[PDB]
Ligand SMILES: O=C(c1ccccc1F)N1CCNCC1
Ligand SMILES: [Cl-]
Ligand SMILES: [Cl-]
């Protein structure tokens, strides 16, 4: 575990992360996809061998010795708000199980079901709070990656609020 487990946020490509493993905002079919998923495919394509997994689950595939945790958040275009909320919470619980199983001291993680799976809604707070609910009992250093300056500010505020 980390000596003093922390949350941090960085605004940059998660393919350039400085952590011991990465969480992919994956699709259920293990396809290259768009956004984070496409960046992850370009950097770690070997990790997409048998990475298909259902919504609300996470499946780890090693790229060399570097673990890629493929976490499938719901696409809110297809799910009701209630069912999507449940599957988004579940995906993050599976990420915490995998991070624990792997024995890593740090993990790079995007906010699941934002961007093209958001169903056109701002889900920063919903997605971040489900991330915290799952990861707070883990002792890995968590580094959240985002692309928007205003999201960086809001994630940073949410982290600092609870310290
Ligand atoms: O997830 C969203 C989003 C999607 C649909 C509606 C509002 C939104 F803030 N982001 C905004 C652009 N940067 C990526 C994060
Ligand atoms: Cl970058
Ligand atoms: Cl973002």
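Please read every residue number as a count from 1 along the shown chain.
Keep in mind that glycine also has a Cβ here, set from the backbone N, Cα and C atoms.
The expression tag feature in the PDB entry is assigned to 1-3.
The annotation ADP-D-ribose binding site is assigned in Swiss-Prot to 13, 27, 35, 115, 116, 117.
The binding-site residues near ligand 1, defined by a Cβ under 6 Å from one of its atoms, are 115, chosen from 27, 35, 115, 116, 117.
Taking a Cβ distance under 6 Å to any atom of ligand 2 as the criterion, the binding-site residues 13, 27, 35 reduce to 13. Sequence-distant neighbours of residue 35 (ADP-D-ribose binding site): residues of the same chain at least 6 apart with a C-beta under 8 Å from its C-beta are 25, 115, 116. Mapped onto DSSP classes, the expression tag (1-3) shows 0 helix, 0 strand, 3 coil.
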